[PDB]
Structure formats: structure tokens, C-alpha cells
Amino acid sequence: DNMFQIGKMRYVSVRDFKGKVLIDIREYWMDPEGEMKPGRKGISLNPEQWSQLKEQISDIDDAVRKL
Amino acid sequence: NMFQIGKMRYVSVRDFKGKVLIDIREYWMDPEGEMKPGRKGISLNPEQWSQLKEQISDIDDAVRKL
Amino acid sequence: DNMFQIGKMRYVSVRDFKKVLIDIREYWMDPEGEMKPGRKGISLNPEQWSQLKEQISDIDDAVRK
Amino acid sequence: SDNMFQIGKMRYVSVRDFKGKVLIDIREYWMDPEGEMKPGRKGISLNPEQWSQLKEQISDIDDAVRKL
DNA sequence: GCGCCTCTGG
DNA sequence: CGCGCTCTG
Ligand code: NA
């Protein structure tokens, strides 16, 4: 579908924005109304940015284990 | 410790108060010339970065199927 | 409800949000035809609203100047 | 050289003319890591028109609070 | 929440 | 954290 859950309250969602698709990695929350709303912590990537994130996982995992 | 993914977009692996942070963030340039982290960004713990990679295929399936 | 239009799609609201607040906000249209409030707003308690009212004269001078 | 009017602990009413458009902004401020006072997300900028209609509605707004 | 300053700060 | 598609202490 649209949503792919990565944290207890964080999802990476795919969405078509007028032909241009955005890969949005965002944290969510709920208002006093009980409905789920998005938050400030997040970012929407284009496909190229998403492609360049995947080919950087090499150094990402390496940098994580070096500290 | 930073890995670029966009024009002003970088993935920084850092240590903030004992725990490791994986920050996907967009930066901005000051008038003096240096870059500062901006509002658009999120920092994942190793556990959230864990399932992000596991869901990569599902995500790539969806970006094509749209 | 007790809505008070001030602009094109901007209203002021007197609400008892669980506290009495005078909220100035911009609103938008929903695909379901309804009208929803945006995040381009601010809620003022009666204290700040009174202070706001005591300085309109000073602000009206500034806009004229 | 003085165009701001305090209404709260960190809330102010500022006025200016950004490229001919005159705005009367009511919002809350914050402090950045550079030690400077910056406007915040809680607020709204009004044109003189919306500023006039706000004043012409203060009557009913004041007694709507009293009814609550 | 998702061109350009009299702007942009995890 | 001002000038097409989301509330408030
Ligand atoms: Na920020």
C-alpha cells in the first residue's frame, strides 16, 4: 500500500505527488481528536535521493559499528 | 561521518548522549558560507534503521507499482 | 459555532479547549467538501488577548507610519 | 525604529512592509542557537484588511468568551 | 506537515 | 519553528 512501518510511531510512506513520487520518512502522533497526524521529524525524498541512500548503506552500517 | 544523498541532503552517523543516531537531514547554508542542519530531517535509532532496510524491497515494489 | 471571519478563509474562534482560548487561524478545504483548520494559526489566552487589545492604537500608528 | 508590541511572555505583535505588502503579524517567538530572537510557527500574518475586520469583530469575540 | 529575503538552527 | 496540496494548552 502506502505505509511501511519502521518504528513504533514512524513510517516510511510512498505517495504520488502530481506524477512525482515522494518517499517520506516521518514520525507521527495523535491529537486530542484521536486521529493520527504527522510531525516535524521527517523528510520526503525523490527517487534519486532514495536510490543514493541505499548505495550508502555500506558506509552507514560501517560508521555505526565504529562508535 | 556524513554521506551525501542529495544536493543539500546528507546522512550523518553521530553519537548524541550515548546512543547512536542515523540522521537523514537537509541542511542550509548561512550567509557566512557554512552549512547548518535544518528542519527537514529525522534521526533513526539502530532499531528503526534495521526495519527500514528490511522494508526496502517493499518500498521499491511500491515506487515502481505507482 | 462561534466563528468570526476576518479574511478570505481565516476565522477567529472562542473555544474551551479542554481552557478558554481566542484562536486566530487560517482554514482550508477538504476533498470531502468540509472546511478544516490549518496549522497557520495561534491560540491566545484572555491575558494575551487583553494585552493585544491595549496596543491596537500603538499598532495602528505603526501601520500608518 | 520600534515596531513591536509585547502581548505575552514571548508573544509579540510585529508590523512591517515586505515588498509593499504590509503585514501585521501576531505570533510567539523563540531563541536560536546563535543567540537571536526568532519568530515561531504559532502565529499568523494579517494584511491591513484582515487587521481591520479583526477590530470590527472584537465586540462579539469578547462576549463569546463570557458565554463560555 | 508537503521560487526568493528583511531567511534557514538536529 | 514570511511573500499549489495541515488546530489549539
Ligand atoms: Na528546526
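Residues numbered from 1 in each chain as written, not as in the entry; some residues may be left out. Chains lettered and ligands numbered in written order. Heavy atoms only, no water. Residues with missing side-chain atoms left out of burial classes, pairs and counts.

Structure determination for this PDB entry is given in the record as X-ray crystallography, at a resolution of 3.05 Å.

1. Some points on the overall build of chain A
Within chain A one finds two helices and four strands. For chain A, the N- to C-terminal ordering of α and β elements is β-β-β-β-α-α. Computed over C-alpha atoms, the radius of gyration of chain A comes to 14 Å, more than 25% over the 11 Å expected from 2.2 N^0.38 for 67 residues, which places it beyond the range of a compact globule. Put simply, of all contacts in chain A between residues at least 6 apart along the chain, 10% involve residues at least 24 apart. (Helix = DSSP H or I, 4+ residues; strand = E, 2+ residues; numbered from the N terminus. Rg over C-alpha atoms; globule rule 2.2 N^0.38 Å. Contact = heavy atoms within 4.5 Å.)

2. A short note on the arrangement of the chains
With no contact formed, the shortest span from any C-alpha in chain A to any C-alpha in chain D equals 11 Å. Chain D makes no contact with chain B, the minimum C-alpha separation between the two being 11 Å.

3. Thoughts on the interface of chain C and chain D
Taken together, the 32 residues of chain C in the interface contact 32 residues of chain D. Where the side of chain C that touches chain D is concerned, the elements lending two or more residues are β1 (3-5), β2 (10-16), β3 (20-29), β4 (35-44), α1 (46-53) and α2 (56-64) of chain C. Split by residue class, the side of chain C that touches chain D holds 15 nonpolar, eight polar and nine charged. (Nonpolar A, V, L, I, M, F, W, Y, C, P; charged D, E, K, R; others polar.)

4. Let's talk about the sheet that holds β1(C)
The sheet built from four strands is open, its strands ordered β1-β2-β3-β4 (chain C) with antiparallel pairing. Each end of this open sheet is capped by a strand with a single partner; those strands are β1 and β4 of chain C. In this sheet, neighbouring strand axes are inclined to one another by 30 degrees on average, regardless of whether the strands run parallel or antiparallel. Pairing of β3(C) with β4(C) involves seven bridges; the strand directions are antiparallel. Paired with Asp23(C) across the two strands is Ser43(C), which belongs to β4(C). Relative to the sheet, helix α2 (residues 58-67) of chain D contacts β1, β2 and β3 of chain C, its axis offset from that of β2(C) by approximately 20 degrees. (Pairing = 2+ DSSP bridges. Axes fitted to C-alpha atoms, helices over the stretch in contact; angles between N-to-C directions.)

5. Notes on the pattern of salt bridges
Here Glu26(C) makes a salt bridge to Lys40(C), at a shortest N to O gap of 3.7 Å. With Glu26(C) in strand β3 and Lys40(C) in strand β4, this pair connects stretches of sequence that are 14 residues apart. For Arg11(D), the salt bridge is made with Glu28(D), and the minimal N-O distance between the two is 3.9 Å. Taken together, the residues span a long stretch of sequence, with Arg11(D) in strand β2 (residues 11-18) and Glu28(D) in strand β3 (residues 21-31) at a distance of 17 residues. (Salt bridge = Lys/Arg side-chain N within 4 Å of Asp/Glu carboxyl O.)

6. Some details on the UniProt feature "domain: Transcriptional coactivator p15 (PC4) C-terminal" (unreviewed entry) in chain A
Feature annotation in UniProt places "domain: Transcriptional coactivator p15 (PC4) C-terminal" (unreviewed entry) on residues 4-55 of chain A, given in this structure's numbering. Note that residues 4-55 of chain A is 15% helix and 60% strand, and that its end C-alpha atoms are spaced 20 Å apart. (UniProt positions renumbered as here; feature names shortened; annotations may be inferred.)

7. A closer look at the packing of aromatic side chains
Where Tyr11(A) meets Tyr28(A), the ring centres are 6.1 Å apart and the plane angle is 85 degrees; that geometry is what we call edge-to-face. Highlighted residues: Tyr11(A) in strand β2 (residues 10-17) and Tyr28(A) in strand β3 (residues 20-30), separated in sequence by 17 residues. On the basis of an interplanar angle of 80 degrees and a centroid distance of 5.9 Å, the ring pair of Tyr12(D) and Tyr29(D) is categorised as edge-to-face. Placement of the pair is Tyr12(D) in strand β2 and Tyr29(D) in strand β3, with a sequence separation of 17 residues. (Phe/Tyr/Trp six-rings, centres within 6.5 Å; stacked < 30°, edge-to-face > 60°.)

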